[PDB]
Ligand SMILES: OC[C@@H]1[C@@H](O)[C@H](O)[C@H](O)c2nccn21
Ligand SMILES: [Br-]
Ligand SMILES: [Br-]
Ligand SMILES: [Br-]
Ligand SMILES: [Br-]
Ligand SMILES: [Br-]
Ligand SMILES: [Br-]
Ligand SMILES: [Br-]
Ligand SMILES: [Br-]
Ligand SMILES: [Br-]
Ligand SMILES: [Cl-]
Ligand SMILES: [Cl-]
Ligand SMILES: [Cl-]
Ligand SMILES: [Cl-]
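Given below as structure tokens:
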């Protein structure tokens, strides 16, 4: 790209527990915990009872040192900057006897001029990480109250005083690992003349005919002379130049602001997953001085995203309009992929997005108790067509709002807004998670004096209704901001449900049946969820076999909600026979979470346009644990992920049965209307025999982006109560010429009420390496089958599906670990779980 040289400061690091004077190799980027693990100085934090055994680390200070060589020639570059992309958290950075920086914000990158401090030959970098605990003890002691951050698993809730990942202090699905270290990359850049400080591609307008852009550059010129330069912007697509623009300047010492207009005629639009291609242009900005001294590029998607949040007859709408078209949101809430962030590899990020794209998602919420994710994450969003709802990193508690804290947050907000604002995927900012809800409804007013309660309320506005929205207005002015999710709606207050987004925790915390999701509807569901134990191979990764009960102390260990086990059983008993064995119980819990949650995903799509989106809680896990996730820590899809994929299908046949009657809806998120369609249904018993005749509804239309009822029949006089216990409804949708475009299966009774016949799923297996093709067969219905393998991270073409009486079913299992010579397979189904 340009004449600069970058040195990656990523080898030869050592670390030491302060005071010990003992030093050992470290891996950077990394964490103090991981460095210790690598030297068997801590046990596997995720195993067994090890949480309590690793806590001591957070009471210690930790130092990091590296040496590097700089040549005479490098020292004669005009400028040299040391960039820290992340320091967790209170870090005194020393280079060659100079204190360059007192870092105090995990979420901030720092760029430091170092030429004048560097020496020819060897150079010594030394970082002192103050314990974030010991650092904030005195701050907590000055405060005279304890903030109500219940997810902070310590008597003193110190999390709130630090700009550090909230979940690192513990969460209701997470381990407490209050770590430190150089958590993103360290780079030393040697350069001439200037660097591009920021390159913002600002979209001014977009029509089918023309995209107008403003290319906004901040150049930091490091020499004392005035430098004539030419600024060049090349717009390209797939390696071919689309437009090129050019601007003569004379760069002054310090910051220069340069703006160059560019246009793209007949622009190829970036579209979300399901609606077309996630087209990305390449925008390259160069500073040319006679040599290209500086260059920076962004991949740019050309699209409009408008969040429509307006008063209406139903209350206040909350929806996303994309490229002019109201887009029903289908997705999940995302949390950190690990307790130790630098352990999340490029491959792990790629697989997560594959999992989202494959489940037909078009949106993800990066929830406020994690981090502002790394550049890769948003790059993957961009190229997978997934819209991104970005919370600022505040969750579930009120926070300080003193001048100095607000200054720190302002830096963090400016840094990440500029970092993220060029991404096609970025759709909106949200000030926090559930803080206004908490302040209003979680009983804080009986916990604090009236004066401190008032200070919390005034402090709320300072941060979330003044500082954050005004910063977004300044630096990202065409992006929506909302102060909180949920902004008004509260799950115990039906009158508030028509106003904006909902976290419906009536299911789970309120003990409400899954069927309540058909009647308790939001304008937009930004959270709802249900826990499940992960499958046995994940349990085995943290527990010995003597530990495989629900309430072993092990298992308790890996259940951070406190309530969760009894809720699971309470809900399971409503719909299923509770199995006697721990492993059968784990299996039925996976089925339960998949079935109840997908009934909600279905209600929300069915009730469009009243409801315009659904993001379940939660996509993923940070470690081996019992949680609300659809994918466990090892990347195994639970039933819920397969069920999310089905419920998010572009076209879906949705049968819904209430008050002894059946409706069938056809739901489409396609951009085109389907015409001359036939819905075909037939009642089949568990032995495979059709009851009565096929039912045909011909001449159906399925308009773009609609949910519509095409069929209703009462059960009474159609099927007897015994038929209902003994048969299912198969439903297929076909075009004019009889091509199948969709299919569903419907059961008339709760699973515990079904007269399931004893049966064996037999299978044939054809195994090559990387691969296992299974052909399954059962003469009778096998209900909710789980094809279970011991192979961590094995991917399946399908799983957690009903194998229909007599119907062959092909399933492909893939894994890099499958060898050309036989994969262990155990097939479970509902009837086996009880006598
Ligand atoms: O309890 C599970 C999850 C939390 O992990 C997370 O804070 C989320 O915002 C939420 N709201 C209600 C419950 N939940
Ligand atoms: Br410099
Ligand atoms: Br600099
Ligand atoms: Br200027
Ligand atoms: Br990174
Ligand atoms: Br108080
Ligand atoms: Br606001
Ligand atoms: Br137990
Ligand atoms: Br019913
Ligand atoms: Br069902
Ligand atoms: Cl261990
Ligand atoms: Cl940046
Ligand atoms: Cl139903
Ligand atoms: Cl059986």
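Numbering (the authors' numbering), first residue to last: 28 to 317, 319 to 849, 851 to 864.
No residue lacks a Cβ here, since even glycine has one placed at the ideal position from N, Cα and C.
Query: Cut-off 8 angstroms between Cβ atoms - residues of its own chain near residue 478, not counting five sequence neighbours on either side; Result: none
Query: Cβ pair count under 8 angstroms reaching 3, the stretch 514-521 against the stretch 652-660; Result: no
Query: Buried versus exposed call for residue 151 [16 or more other C-beta atoms within 10 Å across all chains shown]; Result: exposed
Query: Cβ contact (3+ pairs, closer than 8 angstroms) linking the stretch 663-677 and the stretch 416-436; Result: no
Query: The stretch 594-605 touching the stretch 93-108, judged by at least three CB pairs closer than 8 angstroms; Result: no
Query: Residue 462 versus 443, 431, 396, residue with shortest Cα-Cα distance; Result: 396
Query: Alpha-carbon spacing of residue 127 relative to residue 44, whole angstroms; Result: 22 angstroms
Query: Backbone secondary structure at residue 862 - three-state DSSP; Result: helix
Query: Beta carbon shell of ligand 2 at less than 7 angstroms from a heavy atom; Result: 106, 107, 108, 140, 141, 142, 143, 249
Query: Three or more C-beta pairs below 8 angstroms linking the stretch 348-362 and the stretch 286-299; Result: yes
Query: Integer Cβ distance of residue 789 from residue 755, believed to fall under 8 angstroms; Result: Actually they are not in contact, since the Cβ atoms of residue 789 and residue 755 sit about 20 angstroms apart, beyond 8 angstroms.
Query: Counted within 10 angstroms of its Cβ, other Cβ atoms place residue 577 as buried (16 or more) or exposed; Result: exposed
Query: Residue 163 in three-state terms, based on DSSP; Result: helix
Query: Limits of the beta strand (DSSP E) - the one that residue 232 falls within; Result: 221-233
Query: Status (buried if at least 16 other CB within 10 Å, exposed otherwise) for residue 808; Result: buried
Query: Residue 90 - DSSP class collapsed to helix/strand/coil; Result: strand
Query: Whole runs of the beta strand (DSSP E) within the stretch 763-838, excluding any shorter than 3 residues; Result: 768-775, 790-796, 799-805, 810-816, 829-831
Query: Simplified DSSP state of residue 657, which is helix, strand or coil; Result: coil
Query: With 16 other Cβ atoms within 10 Å as the buried cut-off, status of residue 68; Result: exposed
Query: Alpha carbon of residue 333 to alpha carbon of residue 455, nearest angstrom; Result: 6 angstroms
Query: Enclosing alpha helix (DSSP H) for residue 674 [first to last residue]; Result: 667-675
Query: Neighbourhood of ligand 7 [Cβ distance below 6 angstroms to any heavy atom], ordered by chain position; Result: 493, 497, 511
Query: Candidates 281, 403, 308, of which the one nearest residue 292 by Cα; Result: 308
Query: Straight-line Cα distance separating residue 250 from residue 314; Result: 15 angstroms
Query: For residue 781, the nearest candidate out of 775, 753, 802 (CA to CA); Result: 753
Query: Of the listed residues 862, 803, 810, nearest to residue 837 (C-alpha basis); Result: 803
Query: Residue 623: CB within 7 angstroms of a non-hydrogen atom of ligand 13; Result: no
Query: Endpoints, beta strand (DSSP E) assigned at residue 316; Result: It is not in any beta strand (DSSP E) - residue 316 carries neither H nor E in the DSSP assignment.
Query: Residues near residue 41 by beta carbon distance below 8 angstroms, same chain, minus five either side; Result: 50, 51, 52, 53, 91, 92, 93
Query: 7 angstroms Cβ shell around residue 74 - same chain, five flanking residues per side excluded; Result: 570
Query: Any non-hydrogen atom of ligand 10 within 7 angstroms of residue 542 CB; Result: no
Query: Range covered by the alpha helix (DSSP H) that runs through residue 617; Result: 610-634
Query: Residue 538 classed as buried or exposed, judged by whether at least 16 other C-beta atoms fall within 10 angstroms; Result: exposed
Query: Through-space distance from residue 644 to residue 623, alpha-carbon basis; Result: 13 angstroms
Query: Straight-line gap, residue 786 to residue 861 (C-alpha atoms, nearest Å); Result: 7 angstroms
Query: Inter-stretch contact (C-beta, 8 angstroms, three-pair minimum) for the stretch 402-415 and the stretch 432-441; Result: no
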